[PDB]
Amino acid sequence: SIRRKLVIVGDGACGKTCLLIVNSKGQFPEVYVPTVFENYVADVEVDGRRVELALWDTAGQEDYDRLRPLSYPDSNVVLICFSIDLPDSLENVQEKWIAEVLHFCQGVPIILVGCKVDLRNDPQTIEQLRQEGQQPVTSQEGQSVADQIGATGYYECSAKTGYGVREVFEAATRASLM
């Protein structure tokens, strides 16, 4: 097989780790446990090619920024995430994340990932965002920023239900091969 490296970044608690957990095996973690930095290796199968996909999980919390630059190195693909129940997280995608990825991963395929799609139509989520004077991120908005940042793909998923999770990694694995 071919060894490829995937790096995943994005706002703290937007769902990066759960994305990895649910994909590589299962069991959706309910309690939030901030990541400092952690590496995983999953063997993905896409288009007949078997790949040893190294997954470099990073920290979304501001208090751990320090270490991130250490995960970026020899990446074959970068996944920038945001949470669809937090419009602000999408703002940061273009107001922070692209810039950072562009600096440490010059010339590496990007995949914008909207997480927690299961919340898009959650009436409670919706009502709460009303107080903040806003609403769940929409597919249009996602695609838009995806295009603005020059992402080579935009996908949505829900680690909670598993929806779209596999597609995210097949896309990432495929992008890692180009």
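Each residue number is its position in the shown sequence, starting from 1.
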query	finding
Which of 54-62 and 125-133 has higher mean CA B factor, as the PDB entry lists it	125-133
Mean temperature factor over C-alpha atoms, higher-scoring stretch between 112-120 and 23-31	23-31
Ranked against its chain, the third holding the CA B-factor of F82	lowest
CA B-factor placement of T152, once the chain's modelled residues are sorted into thirds	middle
Ranked C-alpha temperature factor of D43 among modelled chain residues, by third	highest
Chain-relative CA temperature factor third for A171	middle
